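So the structure is just underneath, and the comments pick up after that.
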Amino acid sequence: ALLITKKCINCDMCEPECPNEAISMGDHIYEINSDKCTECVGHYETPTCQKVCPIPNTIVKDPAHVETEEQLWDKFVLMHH
Ligand code: SF4
Ligand code: SF4
């Protein structure tokens with residue numbers, strides 16, 4: 001799953017887009033919920049928030065290492081048959 005890094009400049013571009021509504025605003029910058037991010041696997045060939053992002057601030061994150069079939073299985077449990 002992805003993370004948004006401190007360069008985020010709070011443009012909201014990325015929130016209406018995420019197919020699994022895992023992005024929200026909070027304390028200082030937009031935040032991605034680890035639990036709900038499939039890195040867009042089952043919806044887009046490329047992670048839709050990196051796509052909209054004007055700055056390139058969204059990165060894979062290291063304390064939330066997922067293999068592609070665990071991303072996949074998140075997508076199927078979320079959206080399902
Ligand atoms: S990579 Fe996809 S699922 Fe994850 S926060 Fe971005 S738009 Fe959402
Ligand atoms: S699109 Fe990029 S700069 Fe704008 S809020 Fe989302 S992560 Fe931050």
Side-chain angles (χ1 to χ4, degrees):
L2 304 201
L3 200 88
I4 334 209
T5 57
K6 295 154 195 178
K7 316 279 161 153
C8 153
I9 62 125
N10 308 256
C11 79
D12 262 82
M13 224 104 88
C14 72
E15 162 249 310
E17 178 80 331
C18 176
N20 297 286
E21 344 188 44
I23 301 193
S24 68
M25 199 26 118
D27 148 41
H28 300 141
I29 279 190
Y30 267 101
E31 251 162 17
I32 303 164
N33 258 278
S34 156
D35 298 329
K36 294 147 214 240
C37 180
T38 55
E39 314 171 25
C40 279
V41 182
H43 290 114
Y44 278 87
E45 43 5 19
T46 208
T48 340
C49 42
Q50 281 151 337
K51 248 202 190 118
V52 288
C53 206
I55 323 267
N57 308 356
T58 309
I59 232 101
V60 135
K61 260 235 178 90
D62 320 314
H65 269 314
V66 191
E67 253 208 71
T68 322
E69 316 129 282
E70 335 177 297
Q71 295 182 358
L72 203 16
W73 165 70
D74 298 338
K75 144 73 159 32
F76 304 100
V77 180
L78 269 113
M79 300 287 164
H80 191 292
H81 224 72

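The figures that follow rest on heavy atoms only: side chains count, while hydrogens, waters and symmetry mates do not. Each residue takes its place number in the sequence, starting with 1.
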Would you kindly confirm whether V60 and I4 end up in one hydrophobic cluster when ILVMFWY residues are joined by side chain heavy atoms under 4.5 Å apart?
yes
Point-to-point distance, once rounded to the nearest 0.5 Å, from OG1 of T58 to CD of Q50
6.0 Å
Can you measure from NE2 (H28) to SG (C8) and round to the nearest 0.5 angstrom?
12.5 Å
Closest approach of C18 to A22 (non-hydrogen atoms, all atoms of both residues):
SG-N, 3.6 Å
For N20 and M79, work out which heavy atoms get closest and say how close.
OD1-CE, 3.4 Å
On a heavy-atom basis, the closest approach of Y30 and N10 is N-OD1, 3.5 Å
In this structure, are over 12 heavy atoms from other groups packed under 6.0 Å from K75 atom NZ?
yes
Are the side chains of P19 and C40 in touch, meaning some heavy atoms are under 4.5 Å apart?
yes
Side chains of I29 and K7: does their closest heavy-atom pair fall under 4.5 Å?
no
Side chain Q71, main chain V66, donor-acceptor under 3.5 Å
yes
Atom pair CD1/OG1 of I23 and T48 - distance to nearest 0.5 Å:
8.5 Å
Under the side chain to side chain donor-acceptor pair (under 3.5 Å) test, residues paired with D62 that sit two or more places apart
none
Value for CG (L2) from CD (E39), rounded to nearest 0.5 Å, stands at 4.5 Å
Connected via hydrophobic side-chain network under 4.5 Å: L78 and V41:
no
From CD1 (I59) to CD1 (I32), nearest 0.5 Å:
10.5 Å
Criterion salt bridge (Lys or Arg N to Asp or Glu O under 4.0 Å) on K51 and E45, from CA distance to verdict
CA-CA 11 Å; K51 248 202 190 118; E45 43 5 19; 3.4 Å; yes
Heavy-atom count check: over 12 atoms from other residues, nucleotides or ligands less than 6.0 Å from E70 CD?
yes
To the nearest 0.5 Å, what is the distance between CD on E17 and CG on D12?
13.0 Å
